[PDB]
Structures are given as C-alpha cells and as structure tokens.
Amino acid sequence: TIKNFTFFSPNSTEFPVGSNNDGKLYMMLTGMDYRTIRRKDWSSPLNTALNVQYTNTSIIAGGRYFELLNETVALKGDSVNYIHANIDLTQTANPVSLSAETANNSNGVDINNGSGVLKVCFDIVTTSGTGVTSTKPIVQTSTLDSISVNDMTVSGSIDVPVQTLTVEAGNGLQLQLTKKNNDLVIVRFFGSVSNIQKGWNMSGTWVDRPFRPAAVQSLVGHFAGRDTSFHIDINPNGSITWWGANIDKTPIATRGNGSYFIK
Amino acid sequence: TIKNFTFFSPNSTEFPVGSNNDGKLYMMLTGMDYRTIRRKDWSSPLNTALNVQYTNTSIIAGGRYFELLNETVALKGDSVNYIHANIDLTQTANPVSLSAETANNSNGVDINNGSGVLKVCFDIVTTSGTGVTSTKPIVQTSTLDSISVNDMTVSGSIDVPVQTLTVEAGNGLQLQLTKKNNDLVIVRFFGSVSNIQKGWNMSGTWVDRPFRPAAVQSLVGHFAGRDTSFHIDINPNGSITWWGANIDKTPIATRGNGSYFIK
Amino acid sequence: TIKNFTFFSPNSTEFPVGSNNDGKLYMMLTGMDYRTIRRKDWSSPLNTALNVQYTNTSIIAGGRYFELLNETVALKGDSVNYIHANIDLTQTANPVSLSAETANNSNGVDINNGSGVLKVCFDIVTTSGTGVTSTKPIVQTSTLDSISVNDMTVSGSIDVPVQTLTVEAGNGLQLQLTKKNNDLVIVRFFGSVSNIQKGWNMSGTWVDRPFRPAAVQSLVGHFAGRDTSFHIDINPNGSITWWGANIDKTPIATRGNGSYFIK
Amino acid sequence: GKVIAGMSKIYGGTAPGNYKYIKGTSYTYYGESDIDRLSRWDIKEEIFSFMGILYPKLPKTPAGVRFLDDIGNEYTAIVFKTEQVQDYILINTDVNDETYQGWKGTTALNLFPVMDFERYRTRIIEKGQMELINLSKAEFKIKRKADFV
C-alpha cells in the first residue's frame, strides 16, 4: 500500500498530511535521527540564580517544531545539568516538556512510527552554588549520503579513512605506511639494511594492492648517525627497488619519512 | 510577476500554496534534483522469493513525499532489477507507482514546473532463479553551494581538484608536480643534472603561477646509486635555485619526492 | 511558555502554524541565516537591453518561499547591479519586491521574530551602456554543526584550520612547522648547526604540545651547498634528537622539507 | 482529529491544490498516520501495590511491564525471559504475598528466578505512564492508600 502526501486532493479529502508524516518528512530533509536536534537561539537565554530561561529558542526534535518563549527550567546546584526536550504524543494538550537532568538520557524513541516518550538533550548547563558558570549546547548531527559541494570552511577537523601497513621489505628494511583518504601515504623507514646492490630488487615482502601507487615513487631516506643518504623505488606492481649505495654485511640503521600520492 | 507563498491571506484567498510550490521548496531545502531521492527505511524490507515488500519506507522524489506501507514489488528471475518510483500527476487518485526495470531509467522530468512522468531509481535488487541474492540502495545526492561546518566524518572518500605539471628546470633536471585542493604539492625528481654550481639559478623553465609557493620551499632529492644528496630552493617567483654540490660535465641521475604547502 | 507547532490538534484549533513559524522551521532545516538565500533558476533569466527578466526562479529568503515568474528588473548602465529580494511584511498585498542596487546592501533583518524590512542580495548583474555583459549568482551558504557523510565531490577548495610554529631547537637549528586539519605537518629546516653529536638531544626549545606526534618521526634534511644530509627525530614528548654525523664548532646550513602525521 | 477545508494541511480545491496561511485558523495537522499505535496507561496518583494479568507475545524475548516518570525516564520494571510463550503471567506486587507466576494451560510456574532483578528497582509507582514489553494484552488492578476516610 502506498500513502501519498505532497499531492493534490480533488475532493479536499484525498491526501491528508499528519504531524508524524510531516515530522518524518522534515527529518529526511535536514538529515537527522531521533538522537539529534535542530536548535537556534533567536535571543540569548537569560540565567537568573539556579534557573535558565529560554527567551526565544526554536527546537526541531524528531522532526517536530516547537518554540520556547520565556520558558524557565530549574537547575541543580554545583552540577552539570543536561537539559532535555521530552515529547509525549499521548499528552495531547501539551506534548513538549523540558527537564534538567543529571546525565545525557537521550533515548532515540521513534515517536513518528511507533509509541513511547522521546528524550533528547540540546543544552549542557554547568552551575555553581549561586548561579550558572558555563553553557555548552549539544552538537547538531547532519547524516548525509553524498555531497556535491563547490566550497567548504572547517573550524574544527575532518575525519578521513586511515589505513596502516607494516611491510618487511627485506635485507633488513621495515616500512611503516599510513594511508589517509585512500590517497596520501607517509612511509617511515625502520631497521638496519645489509647485503644489497644499486638497482637491485628487495628480498623480502612486497607492497600490498591498496597501498600500491599509480606510478613509481622515489622515496628518500637517511642512515642514522651518518651524513650519507638513500632512496627506494616503490613500483606500481608492489616491488621495492633499492637505489642507494651498495651495502656490505654490516647493517646500518635506516630512518626517515617519505610522502606520496596513490591516485 | 512575483508569486508569494510563505505569507498571509487576511481575506483567506491572497497566498495559496500548492503541492508543486511546496515540492519545489522541499527540493531547495535538502539540495536535491529530479535524478536523486531522499529515502529512509524505518523497518527493513522483507524478501519473499522473487518479490520485495517494503514494510515502512518513506521516499521524497522530486520534492514529493510518500510512504510505502507493506508494498510488494514483483521481481525478474536471475536478473539485476532496478526499483523505480513513477510519479504521474494526471493520476489524481494514485500519482505514485512502483516498477522493477532491467536498467536504470531515471528520466529527471521536471514535474513541479512542467508536464510528464517522473522516473527515479532508489533501490537495486540482484536476484537468482529462486530468490533475492543482494540489495544495494541508490546514493542520495545533496548538491550544495557552500558549507560552513565545525566537524566532519568521511567513511568513503573526498574528491579534491587535482592539477599536474612537468617543468624542465634545466641543466638536465625534470620535476613532476601534483597539486591537490590548491595547497599540497608533491614534487617528483627525474632526469640527470650536469654543469651546475651551488647557489646558482637553473637554466631551463620556471615554475608556473598556480604551482608557485608563498615562501621559498627547500626540497631534498637523492642521486640514484649513490649516498650523496641534493636540495633545490623553489622561490615564490617560480625560480629554481640549486643548492647541492658543484656538478661537472658528467650527468648523475636525480630521483626523489618532496612535499610543500602553497598557502 | 512552550508553543507546539508540528503536533495534531484534537479539536482542529489547538496548534495553528503561522508563516513566521514555518519560516523559522525552513531556515533551521536548510541551515540558512538572514544573510543568505536558496535560489533556483528552473529556466534561464533573459537579458533585454538594461533589464533582466527572471522567467522562472524560486527564492527562499528568511525561510520565506516565493517564485519570480516573468519578473523584470531595470538595470543601471555601465555598472555592477546587485539584485536584492526585499521583504516587508507590513505590505500585506505585495510583501516581496526586487531592486537593482549599486552595492550589496544585505541587512540580515530578522523578519520572523521582529519588525523591519529584510534585504538580501541574490544576483550580481554587470552591464555595458547597452545591455548585460555578465551575471554572477550570490553564494548559497549552508551553515551546519556536524556532518557524517560517505562520499564528497569538491569543485573548488576546502579551507581547513592552519597553525604555525617556529622552534629554536638549539645548536643553531630552526624548524618552521605548518599544521593543517590538526593532523598533517610540514617542517621546513632553517639556521646552521654546530657542536652536536649523533644521538644527542638538541640544546634548545622542545616542540609545543599541539605539534607533538603520537609516535617518533624521523625527518630528513640537507646541508646547503654539500652532498651531505642529516635527520632529526621529533619525539612524542616534544624533544628533538640529532641523527646526522657529529658536528664541530663551524656551523653548517640546514635546509629541507619533511612531513608527518600527528594522529 | 477531523479533516476541515482551509483548517487542515491538505492540497485541495483548484488544481494543483492549495493551503493558506491565515492568522489563528491557518493550518492545523488533522492527526497522525496509524494513530492506533499510541496508547497510554496513565498513572495520576502514587500507587503502592498491584495485581496485573499479563499476556505475552513472543517467547525468549523479555516480557513484562516498565514504568516511566513525568520526564520519560524508567525508574522500575518487572520483566521476564521465559523459554516458551506463557498463556499469561499473573503478578502480584503486594508485599505480604508477593506472586510472580506464569501460566501455561493448567500448569503454574514460578517466574521469580527468570525475572530481571536490575530493572526492578522499586515497588512504589510514581506519577507518569506504564509501557507493555512484549505483551499482546494486559489487565491491571491498582490499590492506592488513603490515611483517613
């Protein structure tokens, strides 16, 4: 069965749209779940003694829009108060109620599809013996699938997929690879290389397929406690080719950092 | 003429808002076109042999909202089916209809402004002779102009603009530059340098303006088959100044990777 | 007092929703303030002499949706015309009007909570003495708190936080560190080193806590005008260990770029 | 609630529909799709003991009752995880003769050791609501004290 909503009703009875139907609609548009909110302080809330008055603050919890107009909520002395927006659809006269709690008691109850009381924290009020010390609001999660953006400004940080690999190249060489966003890789040199010639391939393990670059990357290294250096060629097939000075039986410590792009 | 919608009709006739008018609004708010959708499964769809029943799935196609409540879709035996949402506004009683097609037949017809039937794929169902083998949902594209964000988490990958450059520095030196997001550049050393002194500017081509850094970048390279190293100063004017040991008529192979920030 | 909007009215009178309440609701969903717009040209605007005809353009300004259907704006010749949407709620019959102005006069007036005329620029139209030479739209800003997304396609550039630090490491060595996204660091070597031995801690300032890596980082450097190199270890505690050969009283210039990840 | 032209959110009248923003009358949502899901076991005054007859739905899934306060927080819960579907779970919270027994056919089973001891924090039920965990039907008899009558 298909339930249509944003469509024309010929006899003005065809597509009646309910508060849960619009509630579900509004959630999908902004990209929110029952664990996050959409909050905006139009006028800064006032703090008088161990109480916080929300002068004008609009909140969209579970896709349901409501305004807090000079709504004061009592606080706990010398405690970190977690202010929650409580929605109970059975309370038809007044569904939304506010509560200052001991901890973040967000439940994520699906009020639009099923039953229950939805609890979701939006503000964290830190208090003293007399009044309020500091106020920190809850983060507004925007869950999305794909983005086609032109420009972006970040004030914090971007979490990218990080992959790590330790390859025992051979002859006494160790490579610590750190791939980020499946593109930039910083390789760290470890161990002590012994018995190798210039232009010759590495005896040990080869570089794995996800860490293999598109073209041959020449990565420069250094011999610890010396003024002599070296460089290795990580070919696209995974093979590592030595391109430094010829090394005899005596092993010399190899250290350094070399960065390259995969794509 | 200006058609006003989110305003008041004191005589209750002035500003009426229709399904297409709200449909266009919803599309602009979420940043979607007629080729993408907004889909959420409140309860996982059941698979009974060559049939797929959507228990509770809400979809916003072309800015028009609709719920699928226990709606079964017939599937083709041993084929990769494409589930499409078909919106024909002429069908006043049933505008939305579903269909499992051979290929992705997303038309992207503008229904809110012009006439026609809007077809858009949301779910890909891979089937065998008996029943459903695997299901893959169509990506929800969110086209946006500019994003001012605090924190971000990426599970896949960010596609930043890439720029390639191959400047022949001179004296036998070749540089392979790769600039991503107009900031990070990885220089790849190639060729064989001959007839050059320390602190002397390199004879050949200078670095192009989009690849020039803000300050002088000291980039270390290595002489292939040896334990000797070199470094080149890429000044802000594009000039490449040699800073290794004095090289005679005999050319020595130069290889290496060097990273720097423009901004 | 709490005001309930997206809830069912048992006697069809309990919860009426106003245009300013939906205006505020639409702004909070799309993540827009009073200084930006949502704009879509469903059909291309037409330029005729010193005039721009908006054939079919939809605009959201202050959460208020309106369409421009064959709406012509007169332009100033040999000028840069800033096209504004002006909203005056006291003008009951015609609340929206368009203007072509000499400057971007966007005022950010809160029309959903208070009095005043909202002015917001959405288009920049440049003219000659006879007609339109170019048109550039105003950026549509999406202000968001936190994003969880799979994949992203950036056509322009992502601006991430940047921190810089100059370290007088000791023994004449200077490091200029640039950290981006609080993760990627590029170290640029400067100064001249003297009176140091292999394995010895440098005699100066340790690396500040925000630039310290999780694991030891070996960074390769080069001696200016020589075929000799060195490396230093930036330890997780902030200390710097010399890993080049032993250096006498005579200072040797130290240069080069080295990269590492903090995380 | 009933659907009214001009008052309810619908795209009616002249095609392709119309809903007008008025002052006071404007648009009020009619109700909710599947309003039959919402049910409230309202608790208005503090009760001290009760005799509930609970009919379970699914076996091996914890079945019983949970109690929520005025802010939607659970304070106590009588819940049982049985191997087979009991015909009914007869529970008495009376202190003097506490009974937590399950019935299947003509056979009576003591369900006390199968009960979740962590969730059952108190016997004293406070002002709020009661929820039914894995129950198809429930019959309750509430006893509440009065000092002088």
# chains A, B, ... in the order shown; residues from 1 in each chain; ligands from 1
$ residues_around --residues "region 44-53 of chain D" --least-positions-apart "3" --cutoff "6 Å" --atoms "only C-alpha atoms" --output "PyMOL selection string"
chain D and resi 89-94+124-127+138-144
$ residues_around --residues "region 69-77 of chain B" --least-positions-apart "5" --cutoff "8 Å" --atoms "only C-alpha atoms" --output "JSON, numbers by chain"
{"A": [1, 2, 3], "B": [50, 51, 52, 53, 54, 55, 56, 57, 98, 99, 100, 127, 128, 129, 130, 131]}
$ write_last_selection --atoms "C-alpha atoms" --output "PDB file, in the first residue's frame"
ATOM      1  CA  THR A   1       0.000   0.000   0.000  1.00  0.00           C
ATOM      2  CA  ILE A   2       1.285   3.490  -0.990  1.00  0.00           C
ATOM      3  CA  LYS A   3       0.430   6.529   1.209  1.00  0.00           C
TER       4      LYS A   3
ATOM      5  CA  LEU B  50      11.139 -13.152  -6.460  1.00  0.00           C
ATOM      6  CA  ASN B  51       9.292 -10.342  -4.556  1.00  0.00           C
ATOM      7  CA  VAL B  52      10.345  -7.387  -2.322  1.00  0.00           C
ATOM      8  CA  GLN B  53       7.882  -5.993   0.293  1.00  0.00           C
ATOM      9  CA  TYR B  54       8.738  -2.523   1.699  1.00  0.00           C
ATOM     10  CA  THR B  55       7.428  -2.746   5.319  1.00  0.00           C
ATOM     11  CA  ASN B  56       7.856   1.002   6.139  1.00  0.00           C
ATOM     12  CA  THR B  57       9.953   3.136   3.744  1.00  0.00           C
ATOM     13  CA  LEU B  98       6.479   1.336  -8.448  1.00  0.00           C
ATOM     14  CA  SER B  99       8.302  -0.716 -11.136  1.00  0.00           C
ATOM     15  CA  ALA B 100      11.262  -3.168 -11.282  1.00  0.00           C
ATOM     16  CA  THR B 127      18.191 -11.830  -7.922  1.00  0.00           C
ATOM     17  CA  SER B 128      18.719 -15.544  -8.756  1.00  0.00           C
ATOM     18  CA  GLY B 129      16.280 -18.177 -10.121  1.00  0.00           C
ATOM     19  CA  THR B 130      14.809 -18.817  -6.632  1.00  0.00           C
ATOM     20  CA  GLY B 131      15.025 -15.521  -4.693  1.00  0.00           C
TER      21      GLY B 131
END
$ residues_around --residues "residue 216 (chain C)" --least-positions-apart "6" --cutoff "12 Å" --atoms "only C-alpha atoms" --output "MDAnalysis selection string"
(chainID A and resid 176 188:190 255:257) or (chainID C and resid 232:241 260:263)
$ write_last_selection --atoms "N, CA, C and O atoms" --output "compact mmCIF listing (two decimals), in the first residue's frame"
# COMPACT_ATOMS: atom_id res chain seq x y z
N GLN A 176 56.79 1.57 7.47
CA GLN A 176 55.54 1.86 8.19
C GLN A 176 54.72 2.86 7.37
O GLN A 176 54.99 4.06 7.40
N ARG A 188 57.45 5.52 6.82
CA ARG A 188 58.50 5.67 7.82
C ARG A 188 59.52 4.53 7.69
O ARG A 188 59.13 3.36 7.64
N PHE A 189 60.82 4.87 7.61
CA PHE A 189 61.91 3.90 7.48
C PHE A 189 62.37 3.37 8.84
O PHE A 189 62.60 4.16 9.76
N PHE A 190 62.49 2.03 8.96
CA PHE A 190 62.94 1.34 10.17
C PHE A 190 63.83 0.14 9.85
O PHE A 190 63.78 -0.40 8.74
N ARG A 255 66.47 5.34 8.79
CA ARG A 255 65.38 6.16 9.32
C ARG A 255 64.99 7.24 8.30
O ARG A 255 65.79 7.58 7.42
N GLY A 256 63.78 7.79 8.44
CA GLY A 256 63.29 8.84 7.56
C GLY A 256 61.81 8.75 7.24
O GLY A 256 61.18 7.72 7.48
N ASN A 257 61.26 9.84 6.68
CA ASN A 257 59.85 9.93 6.28
C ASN A 257 59.72 10.40 4.83
O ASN A 257 60.35 11.39 4.45
N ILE C 232 66.61 14.31 11.94
CA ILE C 232 66.27 14.60 13.33
C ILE C 232 65.04 13.79 13.68
O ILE C 232 64.22 13.50 12.81
N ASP C 233 64.90 13.43 14.96
CA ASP C 233 63.74 12.72 15.44
C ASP C 233 62.92 13.64 16.31
O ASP C 233 63.45 14.19 17.28
N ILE C 234 61.64 13.84 15.96
CA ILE C 234 60.72 14.60 16.80
C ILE C 234 60.05 13.52 17.64
O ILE C 234 59.31 12.69 17.11
N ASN C 235 60.37 13.50 18.93
CA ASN C 235 59.86 12.50 19.85
C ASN C 235 58.47 12.88 20.37
O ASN C 235 58.18 14.08 20.46
N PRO C 236 57.60 11.90 20.75
CA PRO C 236 56.27 12.26 21.27
C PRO C 236 56.25 13.22 22.47
O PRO C 236 55.25 13.92 22.65
N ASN C 237 57.35 13.28 23.25
CA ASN C 237 57.46 14.19 24.40
C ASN C 237 57.82 15.64 24.00
O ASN C 237 57.81 16.54 24.85
N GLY C 238 58.13 15.85 22.72
CA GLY C 238 58.47 17.16 22.17
C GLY C 238 59.95 17.40 21.94
O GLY C 238 60.32 18.35 21.26
N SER C 239 60.80 16.53 22.52
CA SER C 239 62.26 16.63 22.37
C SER C 239 62.69 16.31 20.95
O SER C 239 61.99 15.59 20.23
N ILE C 240 63.85 16.85 20.54
CA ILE C 240 64.42 16.63 19.22
C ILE C 240 65.80 15.99 19.36
O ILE C 240 66.67 16.56 20.03
N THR C 241 65.99 14.82 18.74
CA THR C 241 67.25 14.08 18.78
C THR C 241 67.98 14.23 17.44
O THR C 241 67.39 14.02 16.39
N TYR C 260 54.92 14.76 8.39
CA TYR C 260 54.46 13.75 9.34
C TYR C 260 53.00 13.95 9.73
O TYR C 260 52.46 15.04 9.58
N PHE C 261 52.38 12.87 10.23
CA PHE C 261 51.02 12.87 10.74
C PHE C 261 51.08 12.88 12.26
O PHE C 261 51.86 12.13 12.85
N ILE C 262 50.26 13.72 12.90
CA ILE C 262 50.18 13.78 14.36
C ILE C 262 49.37 12.58 14.85
O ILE C 262 49.78 11.90 15.79
N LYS C 263 48.23 12.30 14.19
CA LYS C 263 47.30 11.23 14.52
C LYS C 263 47.68 9.90 13.85
O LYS C 263 47.93 9.86 12.65
$ select_by_dssp --residues "region 14-243 of chain C" --states "strand (DSSP E)" --output "NGL selection string"
:C and (38-43 or 46-47 or 51-61 or 64-74 or 80-87 or 96-101 or 118-127 or 132-137 or 141-154 or 158-159 or 162-170 or 173-180 or 184-193 or 217-223 or 229-234 or 240-242)
$ atom_distance --atom1 "CA of residue 43 (chain A)" --atom2 "CA of residue 24 (chain C)"
13.2 Å
$ residues_around --residues "region 28-40 of chain D" --least-positions-apart "6" --cutoff "10 Å" --atoms "only C-alpha atoms" --output "VMD selection string"
(chain A and resid 3 16 to 23 88 to 91 111 to 116) or (chain B and resid 67) or (chain C and resid 5 to 18) or (chain D and resid 1 to 4 6 to 10 128 to 132)
$ interface_residues --of "chain B" --to "chain C" --cutoff "6 Å" --atoms "only C-alpha atoms" --output "PyMOL selection string"
chain B and resi 1-7+29+145-160+181+198+218-220+228-230+243-245
$ select_by_dssp --residues "region 8-93 of chain B" --states "helix (DSSP H, G or I)" --output "list in words"
residues 19, 20, 21, 22, 23, 24, 25, 26, 27, 28, 29 and 30 of chain B
$ write_last_selection --atoms "N, CA and C atoms" --output "compact mmCIF listing (two decimals), in the first residue's frame"
# COMPACT_ATOMS: atom_id res chain seq x y z
N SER B 19 0.87 21.88 -4.07
CA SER B 19 1.77 20.72 -3.97
C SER B 19 3.09 20.92 -4.71
N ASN B 20 3.03 21.51 -5.92
CA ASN B 20 4.21 21.79 -6.74
C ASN B 20 5.06 22.91 -6.13
N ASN B 21 4.40 23.91 -5.51
CA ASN B 21 5.04 25.07 -4.87
C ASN B 21 5.82 24.63 -3.63
N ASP B 22 5.25 23.70 -2.84
CA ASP B 22 5.90 23.13 -1.66
C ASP B 22 6.97 22.12 -2.10
N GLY B 23 6.68 21.39 -3.19
CA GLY B 23 7.58 20.41 -3.78
C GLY B 23 8.90 21.02 -4.20
N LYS B 24 8.83 22.21 -4.84
CA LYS B 24 9.98 22.99 -5.27
C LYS B 24 10.76 23.50 -4.06
N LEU B 25 10.04 23.94 -2.99
CA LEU B 25 10.62 24.41 -1.73
C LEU B 25 11.44 23.31 -1.06
N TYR B 26 10.83 22.11 -0.86
CA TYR B 26 11.50 20.97 -0.23
C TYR B 26 12.79 20.56 -0.94
N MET B 27 12.80 20.61 -2.29
CA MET B 27 13.96 20.29 -3.14
C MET B 27 15.13 21.22 -2.88
N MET B 28 14.84 22.53 -2.74
CA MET B 28 15.81 23.59 -2.49
C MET B 28 16.41 23.49 -1.09
N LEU B 29 15.58 23.11 -0.09
CA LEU B 29 16.00 22.99 1.30
C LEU B 29 17.00 21.85 1.51
N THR B 30 16.73 20.67 0.93
CA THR B 30 17.60 19.49 1.05
C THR B 30 18.74 19.44 0.01
$ residues_around --residues "residue 125 (chain A)" --least-positions-apart "4" --cutoff "9 Å" --atoms "only C-alpha atoms" --output "PDB file with N, CA and C atoms, in the first residue's frame"
ATOM      1  N   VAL A  52      17.483  28.643  34.286  1.00  0.00           N
ATOM      2  CA  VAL A  52      17.790  29.101  32.927  1.00  0.00           C
ATOM      3  C   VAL A  52      16.505  29.329  32.121  1.00  0.00           C
ATOM      4  N   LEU A  75      17.474  24.366  37.954  1.00  0.00           N
ATOM      5  CA  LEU A  75      18.760  23.662  37.880  1.00  0.00           C
ATOM      6  C   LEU A  75      19.244  23.117  39.230  1.00  0.00           C
ATOM      7  N   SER A  79      26.346  21.396  39.806  1.00  0.00           N
ATOM      8  CA  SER A  79      26.229  20.214  38.955  1.00  0.00           C
ATOM      9  C   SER A  79      26.167  20.548  37.473  1.00  0.00           C
ATOM     10  N   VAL A  80      26.467  19.544  36.637  1.00  0.00           N
ATOM     11  CA  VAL A  80      26.436  19.635  35.180  1.00  0.00           C
ATOM     12  C   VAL A  80      25.035  19.158  34.752  1.00  0.00           C
ATOM     13  N   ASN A  81      24.128  20.118  34.493  1.00  0.00           N
ATOM     14  CA  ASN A  81      22.742  19.853  34.112  1.00  0.00           C
ATOM     15  C   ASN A  81      22.552  19.640  32.617  1.00  0.00           C
ATOM     16  N   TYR A  82      21.960  18.491  32.256  1.00  0.00           N
ATOM     17  CA  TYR A  82      21.675  18.092  30.880  1.00  0.00           C
ATOM     18  C   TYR A  82      20.201  18.377  30.581  1.00  0.00           C
ATOM     19  N   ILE A  83      19.937  19.490  29.870  1.00  0.00           N
ATOM     20  CA  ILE A  83      18.581  19.939  29.529  1.00  0.00           C
ATOM     21  C   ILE A  83      18.016  19.097  28.388  1.00  0.00           C
ATOM     22  N   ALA A 100      15.789  19.380  33.338  1.00  0.00           N
ATOM     23  CA  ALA A 100      17.221  19.468  33.612  1.00  0.00           C
ATOM     24  C   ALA A 100      17.590  18.183  34.351  1.00  0.00           C
ATOM     25  N   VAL A 132      24.816  30.076  37.349  1.00  0.00           N
ATOM     26  CA  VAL A 132      25.380  29.361  36.196  1.00  0.00           C
ATOM     27  C   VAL A 132      26.818  29.832  35.916  1.00  0.00           C
ATOM     28  N   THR A 133      27.733  28.878  35.657  1.00  0.00           N
ATOM     29  CA  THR A 133      29.137  29.158  35.344  1.00  0.00           C
ATOM     30  C   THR A 133      29.397  29.162  33.836  1.00  0.00           C
ATOM     31  N   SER A 134      28.989  28.084  33.129  1.00  0.00           N
ATOM     32  CA  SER A 134      29.175  27.934  31.681  1.00  0.00           C
ATOM     33  C   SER A 134      28.055  27.129  31.021  1.00  0.00           C
ATOM     34  N   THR A 135      27.797  27.407  29.729  1.00  0.00           N
ATOM     35  CA  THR A 135      26.767  26.733  28.939  1.00  0.00           C
ATOM     36  C   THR A 135      27.345  26.258  27.604  1.00  0.00           C
ATOM     37  N   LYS A 136      27.193  24.954  27.312  1.00  0.00           N
ATOM     38  CA  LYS A 136      27.675  24.312  26.089  1.00  0.00           C
ATOM     39  C   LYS A 136      26.513  23.576  25.392  1.00  0.00           C
ATOM     40  N   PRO A 137      26.104  23.973  24.168  1.00  0.00           N
ATOM     41  CA  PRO A 137      24.995  23.265  23.510  1.00  0.00           C
ATOM     42  C   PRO A 137      25.423  21.961  22.837  1.00  0.00           C
TER      43      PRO A 137
END
$ interface_residues --of "chain D" --to "chain B" --cutoff "8 Å" --atoms "only C-alpha atoms" --output "list in words"
residues 11, 15, 16, 17, 18, 19, 20, 21, 22 and 23 of chain D
$ residues_around --residues "residue 191 (chain A)" --least-positions-apart "4" --cutoff "10 Å" --atoms "only C-alpha atoms" --output "list in words"
residues 168, 170, 171, 172, 173, 174, 175, 251, 252, 253, 254 and 255 of chain A
$ atom_distance --atom1 "CA of residue 217 (chain C)" --atom2 "CA of residue 200 (chain C)"
15.6 Å
